[PDB]
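Q: One file is attached below, query-v9.txt, containing compact mmCIF, N, CA and C atoms.
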# COMPACT_ATOMS: atom_id res chain seq x y z
N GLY T 8 116.78 56.10 110.49
CA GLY T 8 117.01 54.79 111.15
C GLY T 8 118.49 54.42 111.07
N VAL T 9 118.92 53.89 109.95
CA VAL T 9 120.36 53.51 109.80
C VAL T 9 120.91 54.05 108.47
N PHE T 10 122.10 54.60 108.51
CA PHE T 10 122.71 55.16 107.26
C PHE T 10 124.15 54.64 107.10
N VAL T 11 124.59 54.45 105.89
CA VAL T 11 125.98 53.98 105.65
C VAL T 11 126.79 55.14 105.07
N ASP T 12 127.85 55.54 105.73
CA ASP T 12 128.66 56.68 105.22
C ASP T 12 129.04 56.48 103.75
N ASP T 13 128.39 57.19 102.87
CA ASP T 13 128.71 57.08 101.42
C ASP T 13 130.12 57.61 101.19
N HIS T 14 130.57 58.48 102.06
CA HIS T 14 131.94 59.04 101.94
C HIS T 14 132.98 57.94 102.15
N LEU T 15 132.63 56.91 102.89
CA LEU T 15 133.57 55.78 103.12
C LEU T 15 133.52 54.86 101.89
N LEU T 16 132.34 54.69 101.33
CA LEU T 16 132.20 53.84 100.11
C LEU T 16 132.98 54.46 98.95
N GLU T 17 132.91 55.76 98.81
CA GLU T 17 133.66 56.45 97.71
C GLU T 17 135.16 56.10 97.77
N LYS T 18 135.64 55.71 98.93
CA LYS T 18 137.08 55.35 99.06
C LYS T 18 137.25 53.82 99.06
N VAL T 19 136.26 53.09 99.52
CA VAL T 19 136.36 51.60 99.54
C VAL T 19 136.22 51.02 98.14
N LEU T 20 135.36 51.58 97.32
CA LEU T 20 135.19 51.06 95.94
C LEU T 20 136.52 51.21 95.21
N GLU T 21 137.30 52.20 95.61
CA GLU T 21 138.63 52.39 95.00
C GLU T 21 139.55 51.27 95.48
N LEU T 22 139.39 50.85 96.72
CA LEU T 22 140.23 49.75 97.27
C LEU T 22 139.75 48.40 96.71
N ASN T 23 138.50 48.32 96.33
CA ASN T 23 137.97 47.05 95.75
C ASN T 23 138.29 47.00 94.25
N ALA T 24 138.60 48.13 93.65
CA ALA T 24 138.94 48.17 92.21
C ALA T 24 140.43 47.89 92.02
N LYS T 25 141.26 48.40 92.90
CA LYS T 25 142.72 48.15 92.79
C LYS T 25 143.07 46.87 93.56
N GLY T 26 142.28 46.55 94.56
CA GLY T 26 142.55 45.34 95.37
C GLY T 26 143.34 45.74 96.62
N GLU T 27 143.39 47.02 96.93
CA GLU T 27 144.15 47.47 98.14
C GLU T 27 143.32 47.22 99.41
N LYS T 28 143.89 46.55 100.37
CA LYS T 28 143.15 46.27 101.64
C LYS T 28 143.62 47.25 102.73
N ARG T 29 143.20 48.48 102.64
CA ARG T 29 143.62 49.50 103.66
C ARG T 29 142.43 49.88 104.54
N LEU T 30 142.44 51.08 105.09
CA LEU T 30 141.31 51.51 105.96
C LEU T 30 140.61 52.75 105.38
N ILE T 31 139.34 52.91 105.69
CA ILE T 31 138.57 54.09 105.19
C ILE T 31 137.94 54.81 106.38
N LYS T 32 138.33 56.04 106.63
CA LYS T 32 137.76 56.79 107.80
C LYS T 32 136.36 57.34 107.49
N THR T 33 135.59 57.58 108.52
CA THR T 33 134.20 58.12 108.32
C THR T 33 133.86 59.12 109.43
N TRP T 34 133.05 60.12 109.13
CA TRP T 34 132.69 61.14 110.18
C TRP T 34 131.26 61.67 109.97
N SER T 35 130.29 60.80 109.82
CA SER T 35 128.89 61.28 109.61
C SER T 35 128.09 61.22 110.92
N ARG T 36 127.36 60.15 111.17
CA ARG T 36 126.57 60.04 112.43
C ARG T 36 126.14 58.59 112.67
N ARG T 37 125.31 58.05 111.81
CA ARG T 37 124.86 56.63 111.97
C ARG T 37 125.71 55.71 111.08
N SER T 38 126.94 56.10 110.81
CA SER T 38 127.86 55.31 109.94
C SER T 38 127.70 53.79 110.16
N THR T 39 127.40 53.08 109.11
CA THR T 39 127.23 51.59 109.21
C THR T 39 128.12 50.90 108.17
N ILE T 40 128.39 49.63 108.35
CA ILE T 40 129.26 48.90 107.36
C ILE T 40 128.45 48.45 106.13
N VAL T 41 129.14 48.05 105.10
CA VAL T 41 128.48 47.56 103.84
C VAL T 41 129.24 46.35 103.30
N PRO T 42 128.73 45.79 102.24
CA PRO T 42 129.36 44.60 101.63
C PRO T 42 130.73 44.95 101.04
N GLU T 43 130.89 46.15 100.55
CA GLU T 43 132.21 46.57 99.99
C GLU T 43 133.27 46.65 101.09
N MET T 44 132.87 46.55 102.34
CA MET T 44 133.86 46.64 103.47
C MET T 44 134.37 45.24 103.88
N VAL T 45 133.91 44.20 103.22
CA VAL T 45 134.34 42.80 103.57
C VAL T 45 135.88 42.60 103.56
N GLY T 46 136.66 43.60 103.22
CA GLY T 46 138.14 43.44 103.22
C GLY T 46 138.81 44.78 103.55
N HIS T 47 138.19 45.59 104.39
CA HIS T 47 138.80 46.92 104.73
C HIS T 47 138.55 47.28 106.19
N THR T 48 139.42 48.08 106.76
CA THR T 48 139.25 48.52 108.17
C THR T 48 138.66 49.93 108.14
N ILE T 49 137.37 50.03 108.02
CA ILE T 49 136.74 51.38 107.93
C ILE T 49 136.45 51.95 109.31
N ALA T 50 136.99 53.11 109.60
CA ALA T 50 136.74 53.73 110.93
C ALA T 50 135.35 54.36 110.95
N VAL T 51 134.36 53.54 111.16
CA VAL T 51 132.95 54.04 111.19
C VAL T 51 132.80 55.13 112.26
N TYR T 52 132.19 56.23 111.91
CA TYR T 52 132.01 57.32 112.90
C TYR T 52 130.89 56.93 113.88
N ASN T 53 131.25 56.56 115.09
CA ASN T 53 130.21 56.17 116.09
C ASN T 53 129.43 57.41 116.57
N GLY T 54 129.78 58.58 116.07
CA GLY T 54 129.10 59.83 116.50
C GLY T 54 130.16 60.74 117.14
N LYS T 55 131.23 60.15 117.61
CA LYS T 55 132.33 60.94 118.24
C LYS T 55 133.71 60.39 117.84
N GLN T 56 133.80 59.10 117.59
CA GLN T 56 135.12 58.49 117.24
C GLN T 56 135.06 57.67 115.94
N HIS T 57 136.19 57.52 115.30
CA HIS T 57 136.26 56.71 114.05
C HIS T 57 136.84 55.34 114.41
N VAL T 58 136.03 54.31 114.43
CA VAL T 58 136.56 52.95 114.80
C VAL T 58 136.89 52.15 113.53
N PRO T 59 138.16 52.11 113.18
CA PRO T 59 138.61 51.37 111.97
C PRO T 59 138.38 49.88 112.16
N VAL T 60 137.22 49.44 111.78
CA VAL T 60 136.87 48.00 111.94
C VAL T 60 137.10 47.23 110.65
N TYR T 61 137.96 46.25 110.68
CA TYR T 61 138.16 45.44 109.45
C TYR T 61 136.94 44.55 109.28
N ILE T 62 136.08 44.90 108.37
CA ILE T 62 134.85 44.10 108.17
C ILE T 62 135.09 42.90 107.26
N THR T 63 134.48 41.80 107.59
CA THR T 63 134.59 40.58 106.76
C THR T 63 133.27 40.41 106.01
N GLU T 64 132.96 39.23 105.54
CA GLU T 64 131.66 39.04 104.83
C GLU T 64 130.55 38.63 105.82
N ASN T 65 130.73 38.88 107.10
CA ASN T 65 129.68 38.47 108.10
C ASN T 65 129.47 39.53 109.21
N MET T 66 130.40 40.43 109.42
CA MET T 66 130.23 41.46 110.49
C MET T 66 129.43 42.66 109.96
N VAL T 67 129.43 42.86 108.67
CA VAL T 67 128.68 44.02 108.08
C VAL T 67 127.16 43.85 108.26
N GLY T 68 126.42 44.93 108.12
CA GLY T 68 124.94 44.85 108.25
C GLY T 68 124.45 45.67 109.44
N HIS T 69 125.32 46.05 110.35
CA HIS T 69 124.85 46.82 111.53
C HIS T 69 125.60 48.15 111.66
N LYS T 70 126.77 48.13 112.24
CA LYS T 70 127.57 49.39 112.42
C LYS T 70 128.87 49.10 113.17
N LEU T 71 128.82 48.12 114.03
CA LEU T 71 130.00 47.70 114.86
C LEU T 71 129.58 46.63 115.90
N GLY T 72 128.29 46.46 116.16
CA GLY T 72 127.84 45.44 117.16
C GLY T 72 128.08 44.02 116.63
N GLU T 73 128.28 43.88 115.34
CA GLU T 73 128.54 42.52 114.77
C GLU T 73 130.04 42.22 114.87
N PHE T 74 130.83 43.24 115.08
CA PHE T 74 132.29 43.06 115.22
C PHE T 74 132.64 42.99 116.71
N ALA T 75 131.76 43.49 117.55
CA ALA T 75 132.01 43.46 119.02
C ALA T 75 130.77 42.96 119.77
N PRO T 76 130.26 41.81 119.35
CA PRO T 76 129.07 41.23 120.01
C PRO T 76 129.50 40.41 121.24
N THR T 77 130.30 41.00 122.09
CA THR T 77 130.78 40.27 123.31
C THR T 77 129.91 40.64 124.52
N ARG T 78 128.64 40.29 124.48
CA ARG T 78 127.71 40.60 125.62
C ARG T 78 127.71 42.11 125.94
N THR T 79 127.16 42.49 127.07
CA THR T 79 127.12 43.94 127.44
C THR T 79 128.14 44.23 128.56
N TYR T 80 128.46 45.48 128.76
CA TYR T 80 129.45 45.86 129.83
C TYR T 80 130.75 45.06 129.68
Show how you would write the structure in this file as structure tokens.

A:
Amino acid sequence: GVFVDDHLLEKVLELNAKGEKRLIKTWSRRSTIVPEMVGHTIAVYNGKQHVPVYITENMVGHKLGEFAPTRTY
């Protein structure tokens, strides 16, 4: 159903421990955001591209539709 790139978390927990607000790339398949991304631009792997989305404490929970919920087309 939905999976969160653990490979991105392994790098975001490091940014949450030092306090660095950088970006974390991902290349799995159903890459989704998490709570640890509330201050990072993680390039979630949409299946073909890495979209570095700076997640806040409200866009996480899906994958990127919460960061780009601007209707369709």

Q: To one decimal place in Å, what is the distance between atom CA of residue T:71 and atom N of residue T:24?

A: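 According to the coordinates, atom CA of residue T:71 and atom N of residue T:24 are separated by 22.9 Å.
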
Q: Give me the residues within 7 Å of stretch 31-48 of chain T as number ranges by chain, counting all atoms listed in the file and dropping any in the same chain fewer than 6 places off.

A: T: 8-12, 14-15, 18-20, 54-71

Q: Grab the atom C of residue T:29 to atom CA of residue T:49 distance for me, in Å with one decimal place.

A: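 Straight-line distance from atom C of residue T:29 to atom CA of residue T:49 works out to 6.8 Å.
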
Q: May I ask for the distance between atom CA of residue T:21 and atom CA of residue T:51, given in Å to one decimal place?

A: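 We find that atom CA of residue T:21 and atom CA of residue T:51 lie 17.2 Å from each other.
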
Q: Would you mind writing down, as a list in words, each residue of stretch 15-53 of chain T that DSSP on the backbone assigns to strand (DSSP E or B)?

A: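 Going through stretch 15-53 of chain T, the strand (DSSP E or B) residues come out as residues 30, 31, 32, 47, 48, 49, 50, 51 and 52 of chain T.
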
Q: Based on the backbone DSSP call, show me all residues of stretch 20-74 of chain T assigned helix (DSSP H, G or I), as a ChimeraX atom specification.

A: /T:20-25,42-44

Q: Which centre and edge lengths in Å to one decimal define the box along x, y and z that fits every listed atom of stretch 52-60 of chain T plus 8 Å per side, as JSON?

A:
{"center_x": 133.9, "center_y": 54.1, "center_z": 114.4, "size_x": 25.5, "size_y": 29.7, "size_z": 23.6}

Q: Can we get stretch 11-77 of chain T of that structure written down with C-alpha atoms, as a PDB file, in the first residue's frame?

A:
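The file below, part_16.pdb, is the result:
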ATOM      1  CA  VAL T  11       8.283   5.406   3.689  1.00  0.00           C
ATOM      2  CA  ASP T  12      11.872   5.283   2.372  1.00  0.00           C
ATOM      3  CA  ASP T  13      13.769   4.138   5.483  1.00  0.00           C
ATOM      4  CA  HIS T  14      16.930   5.134   3.592  1.00  0.00           C
ATOM      5  CA  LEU T  15      15.757   8.777   3.817  1.00  0.00           C
ATOM      6  CA  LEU T  16      15.001   8.449   7.557  1.00  0.00           C
ATOM      7  CA  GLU T  17      18.526   7.088   8.200  1.00  0.00           C
ATOM      8  CA  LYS T  18      19.752  10.518   6.972  1.00  0.00           C
ATOM      9  CA  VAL T  19      16.946  12.709   8.412  1.00  0.00           C
ATOM     10  CA  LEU T  20      17.371  11.421  11.995  1.00  0.00           C
ATOM     11  CA  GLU T  21      20.956  12.641  11.629  1.00  0.00           C
ATOM     12  CA  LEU T  22      19.631  16.099  10.627  1.00  0.00           C
ATOM     13  CA  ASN T  23      17.180  16.033  13.574  1.00  0.00           C
ATOM     14  CA  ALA T  24      20.023  15.090  15.966  1.00  0.00           C
ATOM     15  CA  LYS T  25      22.438  17.841  14.853  1.00  0.00           C
ATOM     16  CA  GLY T  26      19.635  20.271  13.945  1.00  0.00           C
ATOM     17  CA  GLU T  27      20.757  20.559  10.286  1.00  0.00           C
ATOM     18  CA  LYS T  28      17.872  21.531   7.960  1.00  0.00           C
ATOM     19  CA  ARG T  29      19.134  20.119   4.630  1.00  0.00           C
ATOM     20  CA  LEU T  30      17.624  17.704   2.063  1.00  0.00           C
ATOM     21  CA  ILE T  31      17.464  13.866   1.982  1.00  0.00           C
ATOM     22  CA  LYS T  32      17.268  12.080  -1.409  1.00  0.00           C
ATOM     23  CA  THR T  33      15.258   8.845  -1.899  1.00  0.00           C
ATOM     24  CA  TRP T  34      15.072   6.176  -4.676  1.00  0.00           C
ATOM     25  CA  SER T  35      12.708   3.332  -3.622  1.00  0.00           C
ATOM     26  CA  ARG T  36       9.153   3.265  -5.123  1.00  0.00           C
ATOM     27  CA  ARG T  37       6.236   4.329  -2.856  1.00  0.00           C
ATOM     28  CA  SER T  38       8.498   6.806  -0.962  1.00  0.00           C
ATOM     29  CA  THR T  39       6.297   8.750   1.505  1.00  0.00           C
ATOM     30  CA  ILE T  40       7.026  11.551   4.031  1.00  0.00           C
ATOM     31  CA  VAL T  41       7.250  11.097   7.843  1.00  0.00           C
ATOM     32  CA  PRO T  42       7.177  13.207  11.005  1.00  0.00           C
ATOM     33  CA  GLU T  43      11.004  13.420  11.051  1.00  0.00           C
ATOM     34  CA  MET T  44      10.703  15.339   7.720  1.00  0.00           C
ATOM     35  CA  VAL T  45       8.860  18.330   9.337  1.00  0.00           C
ATOM     36  CA  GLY T  46      12.059  20.413   8.726  1.00  0.00           C
ATOM     37  CA  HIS T  47      13.818  18.841   5.686  1.00  0.00           C
ATOM     38  CA  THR T  48      13.542  18.869   1.869  1.00  0.00           C
ATOM     39  CA  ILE T  49      13.466  15.122   1.165  1.00  0.00           C
ATOM     40  CA  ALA T  50      13.482  14.226  -2.536  1.00  0.00           C
ATOM     41  CA  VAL T  51      10.861  11.472  -2.293  1.00  0.00           C
ATOM     42  CA  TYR T  52      11.281   8.981  -5.156  1.00  0.00           C
ATOM     43  CA  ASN T  53       7.989   9.294  -7.103  1.00  0.00           C
ATOM     44  CA  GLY T  54       9.072   6.119  -8.977  1.00  0.00           C
ATOM     45  CA  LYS T  55      11.224   7.987 -11.534  1.00  0.00           C
ATOM     46  CA  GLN T  56      12.271  11.349  -9.982  1.00  0.00           C
ATOM     47  CA  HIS T  57      13.457  12.591  -6.562  1.00  0.00           C
ATOM     48  CA  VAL T  58      11.247  15.557  -5.517  1.00  0.00           C
ATOM     49  CA  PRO T  59      13.046  17.376  -2.652  1.00  0.00           C
ATOM     50  CA  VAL T  60       9.939  18.486  -0.780  1.00  0.00           C
ATOM     51  CA  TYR T  61      10.505  20.541   2.375  1.00  0.00           C
ATOM     52  CA  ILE T  62       7.960  18.878   4.650  1.00  0.00           C
ATOM     53  CA  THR T  63       6.425  20.787   7.560  1.00  0.00           C
ATOM     54  CA  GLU T  64       4.322  19.368  10.430  1.00  0.00           C
ATOM     55  CA  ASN T  65       1.186  19.178   8.178  1.00  0.00           C
ATOM     56  CA  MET T  66       2.205  18.075   4.616  1.00  0.00           C
ATOM     57  CA  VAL T  67       3.580  14.678   5.778  1.00  0.00           C
ATOM     58  CA  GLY T  68       1.324  11.580   5.853  1.00  0.00           C
ATOM     59  CA  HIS T  69       0.941  10.945   2.096  1.00  0.00           C
ATOM     60  CA  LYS T  70       3.923  11.259  -0.320  1.00  0.00           C
ATOM     61  CA  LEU T  71       3.639  14.674  -2.052  1.00  0.00           C
ATOM     62  CA  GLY T  72      -0.141  15.287  -2.647  1.00  0.00           C
ATOM     63  CA  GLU T  73      -0.240  17.211   0.674  1.00  0.00           C
ATOM     64  CA  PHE T  74       2.524  19.522  -0.579  1.00  0.00           C
ATOM     65  CA  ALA T  75       0.908  19.957  -4.024  1.00  0.00           C
ATOM     66  CA  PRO T  76      -2.853  19.709  -3.369  1.00  0.00           C
ATOM     67  CA  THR T  77      -3.600  22.322  -6.072  1.00  0.00           C
TER      68      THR T  77
END
